[PDB]
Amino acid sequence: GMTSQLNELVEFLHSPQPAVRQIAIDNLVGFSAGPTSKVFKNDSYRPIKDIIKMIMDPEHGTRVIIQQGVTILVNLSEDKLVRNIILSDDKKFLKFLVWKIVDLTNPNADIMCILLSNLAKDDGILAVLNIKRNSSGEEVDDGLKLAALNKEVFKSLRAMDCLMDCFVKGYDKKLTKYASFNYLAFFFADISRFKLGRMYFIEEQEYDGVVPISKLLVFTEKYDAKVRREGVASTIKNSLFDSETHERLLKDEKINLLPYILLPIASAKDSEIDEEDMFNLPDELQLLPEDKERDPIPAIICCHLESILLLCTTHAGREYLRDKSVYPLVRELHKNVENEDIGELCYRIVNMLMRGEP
């Protein structure tokens, strides 16, 4: 019935005629969500391969065809086995994808960021850290016409550097009218789970001489972009996996890590901290606006509390946190937010900060 119709239809994705393909994918895009999507897994994932070729085709890959192909791939990238095909079957696609996001004339940038964030679960995503290009202008990389970079915006030839630039400077449609790059937050979140990924975020990069994690910190207070807050929260937590890195990161004043972990758990109104404690708080936590509130999403608060808890691993870290009135902030969070997961974490932090010197 429908299964029989779709099996025949999917094969037209590799018809030699462009007109035929354009029609085939137009009809198929609707069936990529829900039980009918099994059809895209025929011939050991041949439809996925054909769709990838259609997207990358420089002549016949129109705006609509790219949008429909990516929309399919976003839906199908829930399956782990499909993500494998997207990354490993053709190594060109990942290069194509990241470079087309940083193309500020690409109208399908955001939908592509969603695809990228889904692919970041598979550890084959680490390839992004090595994807560079020879020149700033137009270039042919393994038969791919890469668009010329905006030299005014992107100073790096590294892909990961340029994606950071898009996220940090492109929020609220500031680089492109078509996109705000929000879902790159989830890309950074999932890639920083891996060792080599964490290492990008906590080390100086040449192109702008800064430690990337610092550039994301400001977005913990971005209360009109829930996706950004969630991803950045996880990236910070994942960046702190190594105890021995904690002293360096807390004390680097150019990074200025701690205040942006604390701000989302701080409130002006529902919080009584005496003035002795308040004088030890970081500058950014003192004289808070009257309307200053905690992040309303408990999942995000818990993530920040997990970061604080990580920092409590080492004695030097515990001393740093104590000296910045982290205890009173945690106490008042506990007092004023009924959530039970938040509460459990608050006690675990206090248990740690109660320790002396080993």
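Note that residue numbering follows the sequence shown and begins at 1.
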| property | result |
| --- | --- |
| Between the two ranges 78-86 and 101-109, the one averaging a larger CA B factor in the entry | 78-86 |
| Of 182-190 and 265-273, the one with larger mean CA B-factor | 265-273 |
| Top residue by Cα temperature factor, when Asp161, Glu138, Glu230, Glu203 are compared in the entry | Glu138 |
| Among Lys92, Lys226, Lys169, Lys195 - the residue whose C-alpha B-factor is largest in the record | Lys92 |
| Within-chain third of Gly209 by Cα B-factor, per the entry | middle |
| Third of the chain's Cα B-factor distribution that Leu146 belongs to, per the entry | highest |
| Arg331 - Cα temperature factor, lowest/middle/highest third of chain | lowest |
| Ranked C-alpha temperature factor of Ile23 among modelled chain residues, by third | highest |
| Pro289 - which third its CA temperature factor falls in, relative to the rest of the chain | middle |
